[PDB]
Asker: 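Structure incoming, see below.
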Amino acid sequence: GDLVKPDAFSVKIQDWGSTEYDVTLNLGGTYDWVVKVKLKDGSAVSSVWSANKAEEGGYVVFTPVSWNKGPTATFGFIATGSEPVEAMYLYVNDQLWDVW
């Protein structure tokens, strides 16, 4: 269907051998958000800030720590390798809000 909030993601990346992803979520509200990340094979998330991490269905799944639910939430992570993230998906209440 149509993205619920196509202007939610604001992402900045730095690649120095491993790649840093600075993720800002312009949510407009406080939510138990979920960001699913598609990584290239062979890469791993080696650092995480302001989010909890899990793995589900082959994707890395980031969820907020208690104080980072919005309306503006920002978290980050470093993944090994050069630009290993192929896509990120923002879900709020089981609906796809935005895609990076």
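Computed over heavy atoms, backbone and side chain alike; hydrogens, waters and symmetry mates excluded. FYI, the numbering just counts along the sequence from 1.
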Asker: Would you indicate whether the side-chain heavy atoms of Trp49 and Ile78 approach each other to under 4.5 Å?
Answerer: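 Of all side-chain heavy-atom pairs linking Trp49 with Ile78, at least one is under 4.5 Å.
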Asker: Find out if a path of hydrophobic residues (ILVMFWY) with successive side-chain heavy-atom gaps under 4.5 Å connects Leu96 to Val23.
Answerer: no
Asker: Of the non-hydrogen atoms in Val48 and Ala51, which two are nearest, and what is the gap between them?
Answerer: CG1-O, 3.2 Å
Asker: Looking only at non-hydrogen atoms, find the nearest pair between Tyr91 and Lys36 and report the distance.
Answerer: CE1-CD, 3.6 Å
Asker: Where is the tightest heavy-atom contact between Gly28 and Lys5, given as atom of each residue plus distance?
Answerer: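 Scanning both residues completely, I find the closest heavy atoms to be N-CE, 4.4 Å.
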Asker: How close do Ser82 and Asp15 get, counting heavy atoms only, and between which atoms?
Answerer: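 Shortest heavy-atom separation between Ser82 and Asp15 comes out as OG-OD2, 2.5 Å.
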Asker: When rounded to the nearest 0.5 angstrom, what is the spacing between OH in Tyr21 and CD in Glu83?
Answerer: 6.0 Å
Asker: Are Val37 and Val61 connected in the hydrophobic side-chain network, where two residues link if heavy atoms are under 4.5 Å apart?
Answerer: no
Asker: Does a side-chain heavy-atom distance below 4.5 Å link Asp98 with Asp7?
Answerer: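 Heavy-atom side-chain distance check fails, nothing below 4.5 Å.
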Asker: Just so I know, are the side chains of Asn26 and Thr72 near enough to count as touching, which here means a heavy-atom distance under 4.5 Å?
Answerer: yes
Asker: About how many Å separate NZ of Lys53 and CZ of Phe75, when rounded to the nearest 0.5 Å?
Answerer: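 Interatomic distance, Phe75 CZ to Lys53 NZ, rounded to 0.5 Å: 12.0 Å.
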Asker: Roughly how far, to the nearest 0.5 Å, is CD of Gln95 from CG of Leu3?
Answerer: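 Going from CG on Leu3 over to CD on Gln95, the span is 11.0 Å.
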Asker: Are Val99 and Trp33 joined in one hydrophobic group, where the rule is that I, L, V, M, F, W and Y side chains link up if heavy atoms are under 4.5 Å apart?
Answerer: no
Asker: Please work out whether the ring planes of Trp97 and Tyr31 are parallel, tilted or perpendicular, with thresholds of 30° and 60°.
Answerer: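 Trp97 and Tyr31: perpendicular rings.
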Asker: Can you check whether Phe77 reaches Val85 side chain to side chain, under 4.5 Å on heavy atoms?
Answerer: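 Answer yes - side chains close enough.
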Asker: Would you say CD of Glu86 has more than 12 non-hydrogen atoms from neighbouring residues, nucleotides or ligands within 6.0 angstrom?
Answerer: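 Enclosed.
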Asker: Using every non-hydrogen atom in the two residues, find where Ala73 and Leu27 come nearest and quote the distance to one decimal.
Answerer: CB-CD1, 4.4 Å
Asker: Would you indicate whether the side-chain heavy atoms of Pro64 and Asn52 approach each other to under 4.5 Å?
Answerer: no
Asker: Out of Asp32, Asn68, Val34, which residue meets the side chain to side chain contact (heavy atoms under 4.5 Å, CB included) rule with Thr63?
Answerer: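 Running side chain to side chain contact (heavy atoms under 4.5 Å, CB included) over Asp32, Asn68, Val34 with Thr63 returns exactly one hit, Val34.
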Asker: Consider only side-chain heavy atoms of I, L, V, M, F, W and Y, link residues closer than 4.5 Å, and tell whether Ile13 and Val60 are in one cluster.
Answerer: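 As far as the 4.5 Å side-chain criterion goes, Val60 and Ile13 are connected within one cluster.
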Asker: Can you name the nearest heavy-atom pair linking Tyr89 to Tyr59, along with the distance?
Answerer: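 Where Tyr89 meets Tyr59 most closely, the heavy atoms are CE1-CE2, 4.1 Å.
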Asker: I'd like to check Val35 versus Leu25 (side-chain heavy atoms, cut-off strictly below 4.5 Å). Are they in contact?
Answerer: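 With C-beta onward as the side chain, the pair touches.
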Asker: Taking atom CD of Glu20 and atom OG of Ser46, what is their separation to the nearest 0.5 Å?
Answerer: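 These two atoms lie 10.5 Å from each other.
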Asker: Using modelled atom types only, decide if a donor and an acceptor are shared between the side chain of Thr80 and the backbone of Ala44 within a distance under 3.5 Å.
Answerer: yes
